[PDB]
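Residue numbers (the working numbering): 103 to 401.
Cβ coordinates follow ideal geometry from the N, Cα and C atoms, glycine included.
What follows is one structure encoded as structure tokens, with my remarks underneath.
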Ligand SMILES: COC(=O)c1ccccc1C(=O)OC
Ligand SMILES: COC(=O)c1ccccc1C(=O)OC
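Have a look at this one:
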């Protein structure tokens, strides 16, 4: 156990209704963080992708200077219930400008209004769209999927489904993903209260997203359960030391490595879940630099 990062420690010490109110409170939090540490200017265009489960709003981010030859498709976190393209703008704008990549940020359908596995399907369909469009942006058709938390779950599942769905994926970027809804890990037991993402909330999220308790063992909910990880896309797996989801993330990175998948596994010490959408922490930019350096090695 390394000491908490000082800024994280202060943030947690200063920490202090309806579904709609809760969603609004989550959005207001993101806004305050962006007011504290403004995002870089970036050109964007909004659109909508026709998926097998309905229209899905997207936002395309165009870098000042294009330096990376694959589109990124980014799925935001928020427990499958909260978040949108605006809440994750601070992260995505930085990924775009720092990597020098076009990024497609995805506004997938939220639970409980949409249930598992609807967002998985949507996220596959958007990735497929991106692969098809890529040549017309002067890019390679293989995409890089990315996501934080619940979004990292989606990125991991899309990656596992990709060969079966004829979807070319060059890499997967998993930021403190949720990967195993079945097993308790030491981290999930020991950091379950007081570090922003809590047990009670994870349980509640599961109740909104899943159709029944049996869905926890479904491979499209718990990608960590998949016994054959050979041939999956190169993986960057970023974890936070004091995150209940830490151990499942690191174990999945170990499993990928042992299955011959090129894998970079980075734990940010003293950090908490969510830190890559919390620009008050310099570790957010360090992790984005890790993304750029990992992606340099893909081609
Ligand atoms: C000073 O507190 C504010 O009202 C505020 C304003 C802009 C950005 C962030 C914050 C903030 O940290 O809220 C607690
Ligand atoms: C951040 O994502 C979550 O907290 C979560 C959401 C829905 C279902 C399950 C989980 C979860 O506990 O995964 C490990």
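Proximity winner among the options, relative to residue i (alpha-carbon distances)
i, options, result
"residue 122", "183, 141, 355, 132", "183"
"residue 203", "145, 151, 216, 212", "145"
"residue 278", "262, 258, 199, 291", "258"
"residue 251", "241, 181, 312", "181"
"residue 163", "148, 269, 216", "148"
"residue 300", "344, 138, 324, 244", "344"
"residue 236", "303, 117, 319, 271", "271"
"residue 287", "260, 319, 351, 224", "351"
"residue 383", "209, 215, 139", "139"
"residue 305", "346, 330, 339", "346"
Residue burial classification, residue i (beta-carbon count within 10 angstroms, cutoff 16)
i, result
"residue 220", "buried"
"residue 134", "exposed"
"residue 194", "buried"
"residue 119", "exposed"
"residue 126", "exposed"
"residue 132", "buried"
"residue 201", "buried"
"residue 342", "buried"
"residue 153", "buried"
"residue 375", "buried"
"residue 115", "exposed"
"residue 366", "buried"
"residue 283", "buried"
Per-residue DSSP class, three states only, for residue i
i, result
"residue 367", "strand"
"residue 324", "coil"
"residue 187", "coil"
"residue 297", "coil"
"residue 400", "coil"
"residue 226", "helix"
"residue 382", "coil"
"residue 136", "helix"
"residue 349", "helix"
"residue 282", "coil"
"residue 166", "coil"
"residue 292", "helix"
"residue 182", "coil"
"residue 108", "helix"
"residue 116", "coil"
"residue 359", "helix"
"residue 312", "coil"
"residue 128", "helix"
"residue 232", "helix"
"residue 317", "helix"
"residue 267", "coil"
"residue 331", "coil"
"residue 215", "coil"
Identity of the residues DSSP links to residue i by a beta bridge
i, result
"residue 273", "246"
"residue 176", "207, 248"
"residue 159", "150, 209"
"residue 339", "276, 367"
"residue 344", "374"
"residue 390", "None, per the DSSP bridge assignment."
"residue 145", "164"
Closer than 6 Å: residue i CB and nearest ligand 2 heavy atom
i, result
"residue 308", "yes"
"residue 182", "yes"
"residue 326", "no"
"residue 211", "no"
"residue 304", "yes"
"residue 252", "yes"
"residue 311", "yes"
"residue 283", "yes"
"residue 388", "no"
"residue 257", "no"
"residue 342", "no"
"residue 360", "no"
"residue 124", "no"
"residue 280", "yes"
Cβ-heavy atom distance, residue i to ligand 1, below 6 Å
i, result
"residue 137", "yes"
"residue 331", "no"
"residue 101", "Outside the modelled stretch of the chain, which goes from 103 to 401, sits residue 101, for which no answer is possible."
is_contact[residue i, chain D] using C-beta, thresh 7 Å
i, result
"residue 134", "Reference to chain D is not applicable here, since this structure consists of a single protein chain."
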